[PDB]
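Consider the single chain below, provided in structure tokens and representing the form deposited in one PDB entry.
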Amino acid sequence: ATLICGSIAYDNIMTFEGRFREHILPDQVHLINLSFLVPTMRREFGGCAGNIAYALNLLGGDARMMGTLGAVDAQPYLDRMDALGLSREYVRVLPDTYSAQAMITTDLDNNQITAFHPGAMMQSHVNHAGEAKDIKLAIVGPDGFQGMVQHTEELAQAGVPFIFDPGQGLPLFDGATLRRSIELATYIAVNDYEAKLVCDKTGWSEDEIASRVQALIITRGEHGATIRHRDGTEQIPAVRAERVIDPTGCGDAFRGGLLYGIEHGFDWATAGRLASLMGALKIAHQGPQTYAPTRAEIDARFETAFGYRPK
């Protein structure tokens, strides 16, 4: 199975149908004022572990989410996991606690400015990755700080290959803790903005990071992604989206495709392309888990986009 460690959250996403870049005026005192009209609030199922597991499950992989929810309002998510066939083995529900909630203000370029209400996520460390069983691959995504570090240490001690995915949790790390996490990790995945923040906080160049992992995966929105190794790089093209509606969750859809490819022994070019396709499927729908292709549809779309079938 693949262990997916990270936040499990309800999202309130406000997507500007536009680009904040077109609205910044650095020569004025105020850089940006923008008010945009949105529809009625829809609470979405989200969280990085929710999102990555949803994607891996769409592909037919065996996704085991490890994260904490709050008993006050966990039930709709637990019912959804059961409906989707997502194991709740490592989903811990904490009495008298609220689930994490994200208020995400964003645009069509995935410039997410998020106000996060952590709730139960603050106690995510009560789950220990070292207590999970029969795990062949893992990811450690944004979560409570203690939990992220503890998951990294326990997976490394067991020798389980894992992607370190610090994402929104990057502020929680200092240089020394970030360096150690990258030394421990088998792979690191970040978007291009976060990759710059990781280089600044560690002091390492991208080449130096690539000397300390099997792969440094940097996603670049509409421009695709790069997969960097100590001895070469794969450029992964984007798939043209059917429509660009909401990029929130694109990286997590991408990580679920990547995880499936690594588990199934795809080469990096092919694992990266599957990941890219999942990101393009996601962006065509509002909310991180609204896209719902069947496995047959994903296979067809991969052939259409890339001119071959994986293996």
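Only residues modelled in both forms are compared. Rigid core: the largest C-alpha set superposing within 1.5 Å between the two forms. We number the residues from 1 along the sequence you see.
Same protein, other form: the form deposited in another entry, not shown, and the subject of what follows.
Enquirer: Superpose on the rigid core, then report which one of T106, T97, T186, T177 has a CA displacement of at least 2 angstroms between the shown form and the other one.
Expert: Only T106 moves by 2 Å or more at its C-alpha.
Enquirer: Once the two forms are fit on the core, has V38 moved its CA by at least 2 Å between the shown form and the other one?
Expert: Yes: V38 shifts by at least 2 Å between the shown form and the other one.
Enquirer: I want to check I298: does it shift between the shown form and the other one by 2 Å or more at the Cα, with the core superposed?
Expert: It does not, since the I298 C-alpha is displaced less than 2 Å between the shown form and the other one after the core fit.
Enquirer: Considering only residues modelled in both forms, extract each run of at least three consecutive residues whose CA displacement is 2 Å or more throughout between the shown form and the other one after core superposition, in sequence order.
Expert: Only these runs move by 2 Å or more: 14-19, 32-40, 105-113.
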